[PDB]
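Q: Got a structure for you, written out below as structure tokens; questions coming shortly.
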Ligand SMILES: *[C@@H]1O[C@H](CO)[C@@H](O)[C@H](O)[C@H]1NC(C)=O
């Protein structure tokens with residue numbers, strides 16, 4: 001157990017243009033592919 | 101159902117593009133018919149014709 005604690009209110013931050021992953025394992029170049037999936041909103 | 105439709109995709113882009121072209125074409129048609137002159141000549145007040 002650890003007790004040397006000092007709680008603070010939950011800090012927040014703006015996440016922008018983050019959380020994009022390759023949706024498949026196919027090589028694809030010069031394409032404006034569109035997908036629908038579990039993605040992190042901008 | 102939207103996810104199932106999404107694999108088509110280009111069909112509806114095509115359809116919406118066609119209908120947008122039609123709408124623009126109509127506003128065109130009205131312009132070319134009625135907007136022949138870009139000077140709003142107001143009618144004279146006295147009708148001595
Ligand atoms: C302290 O440790 C015991 C067992 O390791 C655990 O059951 C208990 O929840 C702990 N209490 C705190 C305040 O960490």
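Chains as they are written, first to last, in our numbering: chain A, 1 to 42; chain B, 101 to 149. The beta carbon of each residue, even a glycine, is placed where N, CA and C say it ideally should be.
1) Does any heavy atom of ligand 1 sit closer than 7 angstroms to the C-beta of residue 103 of chain B?
2) Any heavy atom of ligand 1 within a distance shorter than 7 angstroms of the CB on residue 1 of chain A?
3) Beta-carbon within less than 8 angstroms of residue 40 of chain A's beta-carbon, same chain only, minus the 5 sequence neighbours each way: which residues are those?
4) Distance, Cα to Cα, residue 122 of chain B vs residue 110 of chain B?
A: Taking the structure as given:
1) no
2) yes
3) 15, 18, 19, 20
4) 18 angstroms
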